[PDB]
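You are given structure tokens for the same protein chain in two forms, set apart as structure 1 and structure 2.
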Structure 1
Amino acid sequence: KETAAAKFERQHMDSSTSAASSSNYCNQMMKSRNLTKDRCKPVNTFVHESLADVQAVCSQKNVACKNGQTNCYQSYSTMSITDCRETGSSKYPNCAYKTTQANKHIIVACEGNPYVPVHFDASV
């Protein structure tokens, strides 16, 4: 089945755009990337950087993840991200999100060999 590394690219990477261009970005991306297939995922962040720059975070500042694991890493630099959060009108299968564009450091969890991101922990 889909690997954790591939799932991270499908749910969190958007190298094709530098930022969200309209308030409908989240609604369109959450549906196209199949994140709303089974239910409305409540929160999801998309990163507008090259995949190589995001994979490189696995060799940057080590930090504990929110849940305590120690395989988390914080990017040294800020990155262009789009934060998607479910709105009060969201109702499966018509999942609805608020689009927020920002520049923040990202924290991801890394695993395997090659050592790559497999989970998005937070934006700070």
Structure 2
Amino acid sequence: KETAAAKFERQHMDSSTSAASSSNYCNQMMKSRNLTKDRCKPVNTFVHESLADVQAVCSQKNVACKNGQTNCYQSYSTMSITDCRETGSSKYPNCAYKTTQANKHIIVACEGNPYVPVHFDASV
């Protein structure tokens, strides 16, 4: 059974220098990571850092999660990321995405023991 930490790696982890793909990165990535199987996931960020660097964020700046839980953490460093946002014309199961590359501070929710990223909350 897929753990929350494993699901965070599948949905958000793309360790590389930055986005690389043969075509539209977000279309290819959201499909291959199975983020378009039951619905078009409307917004999804990929993080192009090492897993260790992303896991380390669970000990960085504690911030309120958007839902009001208090187990969110903001990276001290900017981080190479790629935002995927569903287009207006995208309708499931023909999901389409616009790709936005950025360097931003990420905000993740962490849980468990070991305390590890389980949710991507925002970037700033």
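Throughout, rigid core stands for the largest set of C-alpha atoms superposing within 1.5 Å between the two forms. Residues are numbered by position in structure 1's sequence, first residue being 1. Only residues modelled in both forms are compared.
Looking at CA displacements between the two structures with the core superposed, a shift of 2 Å or more is confined, among 13, 107, 20, 110, to 20. Relative to the superposed core, residue 88 moves its CA by 1.5 Å between the two structures.
The two forms, fitted on their core, place the C-alpha of residue 33 0.2 Å apart, compared between the two structures. Core-superposed comparison between the two structures places the only run of three or more consecutive residues whose CA atoms all shift by 2 angstroms or more at 16-23.
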